[PDB]
Amino acid sequence: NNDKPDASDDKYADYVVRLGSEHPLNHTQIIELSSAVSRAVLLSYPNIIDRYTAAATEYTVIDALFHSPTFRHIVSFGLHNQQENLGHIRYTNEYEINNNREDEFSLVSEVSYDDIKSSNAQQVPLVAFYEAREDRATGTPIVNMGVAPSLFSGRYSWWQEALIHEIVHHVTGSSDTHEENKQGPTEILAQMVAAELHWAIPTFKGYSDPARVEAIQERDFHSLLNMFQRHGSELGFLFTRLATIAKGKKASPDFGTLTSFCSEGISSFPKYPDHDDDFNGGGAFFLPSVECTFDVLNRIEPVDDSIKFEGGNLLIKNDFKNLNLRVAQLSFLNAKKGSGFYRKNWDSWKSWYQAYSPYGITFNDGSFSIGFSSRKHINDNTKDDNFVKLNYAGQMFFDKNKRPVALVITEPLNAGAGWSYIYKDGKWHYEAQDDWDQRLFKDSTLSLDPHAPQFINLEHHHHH
Ligand code: NI
Ligand SMILES: [Zn+2]
């Protein structure tokens with residue numbers, strides 16, 4: 004069974020989960036996607052109204068990525084089925100004059116606070132249209148939405164579901180339905196993710212139930228008011244930022260004029276999603292002893308132009324920790340800074356295996372090897388690599404696509420006899436019997452992680 008149902012058919016939700024499950028996202032892919040989302044949200048700061056909505060957007064998407072199997076099926080579907088990539092989507096908080104109040108207001112900059120304060124959800128002068136749209140100039144996917152509500156307002160988890168909804172429209176291409184008592188495939192998909200993440204949301208007859216529409220007007224009206232409450236001392240600076248973004252313009256990328264978030268503290272601010280004991284990653288606006296920060300680029304700072312995911316972005320500092328590549332980064336950056344790479348005559352890294360100024364070795368198929376030392380390449384910021392806890396001259400192999408393959412270690416005896424670890428799913432795996440090349444890479448030269456980061460040793464590889 005595989006008829007592609009129409010984008011508006013409820014059975015299209017089943018079509019997305021059934022095809023997205025065919026290609027499960029490995030650990031390397033979840034780590035790539037989480038780092039791509041963090042970057043997309045950061046690059047969206049000029050269009051987000053405040054640090055609160057910016058943090059709510061990022062942690063909502065990362066929480067779903069980590070703890071919602073259906074969200075992973077949805078995101079996987081898009082990659083394999085010519086829809087949008089989760090990291091490609093940018094976010095806007097574009098407000099506009101309510102159509103029923105446009106006889107008095109001709110600019111967003113005219114509406115005062117008391118015009119919103121002394122109003123109701125149906126006649127509020129400012130409205131934001133939740134929409135999965137495209138920037139007509141560049142063709143980039145955008146998600147438009149209103150500001151995030153107060154954490155314990157009782158509305159926040161529905162705002163969360165509402166954001167996942169608009170993303171579902173991009174990564175699955177599904178549509179919504181007008182029909183009575185029908186939720187539609189996008190709303191079905193979003194509600195599954197919300198159910199898995201324990202997000203409490205209200206239920207209605209269908210997507211176009213008038214009761215549903217009135218409740219959304221209420222949620223978005225209260226979120227705008229909760230947001231104003233958040234900025235009681237900088238209302239002038241907040242309204243100017245709102246008006247700038249409202250006219251499709253880029254406002255401060257670092258929220259410069261807004262400072263009142265520090266006084267409010269972490270306590271009432273969105274929390275980073277829960278993660279494994281072996282996870283390196285944290286919040287954006289507050290840093291351990293907690294103390295708020297004004298540097299925003301530093302967490303998504305790319306390490307080197309040569310270390311990137313294929314067809315993706317350059318690996319950020321956390322990417323190396325989460326993928327067990329800190330020893331690999333140190334030894335690669337070492338040869339690439341020292342004596343460079345020297346081309347020896349062996350067909351591949353496998354053929355080589357079978358028969359100060361740190362150097363590197365390039366093979367005939369493009370693959371390469373790097374030097375490993377217990378003294379210089381076993382450190383405190385290299386210690387956490389899982390091959391270290393598991394169980395010294397080594398030569399770590401990288402395939403023709405510059406991806407990590409294996410790490411072969413030896414001690415000063417039995418010159419020979421040593422230890423071997425293999426790279427699979429963002430981790431190193433101890434393979435005791437040293438014949439693993441015939442029993443693992445049987446008739447192949449490539450790494451066991453086809454999603455692992457690329458360590459482009461020589462600049463010309465960027466062309467092939
Ligand atoms: Ni794209
Ligand atoms: Zn929709």
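Residue numbers (our numbering): 4 to 467.
All C-beta atoms in this analysis are idealised placements derived from N, C-alpha and C, irrespective of residue type, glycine included.
| Check | Outcome |
| --- | --- |
| Beta-carbon proximity check, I303 vs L192, cutoff 7 Å | no |
| Proximity of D402 and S370 at Cβ, strictly below 7 Å | yes |
| Heavy atom of ligand 1 within 6 Å of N88 beta-carbon | yes |
| Alpha-carbon spacing of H380 relative to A331, whole angstroms | 9 Å |
| Distance cut-off 6 Å: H83 Cβ against heavy atoms of ligand 1 | no |
| Local conformation of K427 per DSSP, three classes | strand |
| Sheet register partners of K311 (DSSP bridge) | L317, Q457 |
| Three-state secondary structure assigned by DSSP to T175 | coil |
| Inter-stretch contact (C-beta, 8 Å, three-pair minimum) for the segment 428–443 and the segment 382–399 | yes |
| heavy atom of ligand 2 below 6 Å from residue 3 C-beta | Because the chain spans 4 through 467 in this model, residue 3 falls outside it and cannot be assessed. |
| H91 CB to nearest heavy atom of ligand 1 below 6 Å | yes |
| Paired residues, beta bridge with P144 - DSSP | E137 |
| Span separating the alpha-carbon of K7 from that of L22 | 11 Å |
| C-beta atoms of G90 and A10 nearer than 7 Å | no |
| DSSP bridge partner residues for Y433 (one or two, in chain order) | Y424 |
| Reference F242, options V114, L82, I34, closest by Cα | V114 |
| Any 3 or more C-beta pairs closer than 8 Å across the segment 265–279 and the segment 405–425 | no |
| Reduced DSSP secondary structure (H/G/I, E/B, other) of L68 | helix |
| Which of helix, strand or coil DSSP assigns to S263 | coil |
| Neighbour-count burial assignment, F458, 16 or more Cβ in a 10 Å radius | buried |
| Backbone secondary structure at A409 - three-state DSSP | strand |
| Buried or exposed by the 16-neighbour rule on C-beta atoms within 10 Å, applied to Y345 | exposed |
| Rounded separation between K353 and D440 - CA only | 7 Å |
| The segment 59–78 contacting the segment 117–126, beta-carbon criterion three pairs below 8 Å | no |
| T448: CB within 6 Å of a non-hydrogen atom of ligand 2 | no |
| Among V44, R54, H70, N102, nearest to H278 - alpha-carbon criterion | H70 |
| Between the CA atoms of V299 and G286 - distance to the nearest angstrom | 11 Å |
| Proximal residues to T73 (C-beta, below 8 Å), its chain only, five neighbours per side dropped | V20, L192, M195, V196, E199 |
| Spatial distance of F366 from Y356 (CA atoms) | 11 Å |
| Closer than 6 Å: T262 CB and nearest ligand 4 heavy atom | By its list of ligands, the structure shown excludes ligand 4, since it contains just ligand 1 and ligand 2. |
| Any non-hydrogen atom of ligand 2 closer than 6 Å to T189 Cβ | yes |
| Cβ-based neighbour list, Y362, same chain, cut-off 8 Å, excluding 5 preceding and 5 following | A338, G341, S342, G343, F344, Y345, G374 |
| Which of helix, strand or coil DSSP assigns to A249 | helix |
| Check whether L129 and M148 have beta carbons under 7 Å apart | no |
| Start and end residues, alpha helix (DSSP H) containing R329 | 329–340 |
| Cα-Cα separation, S79 to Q163 | 20 Å |
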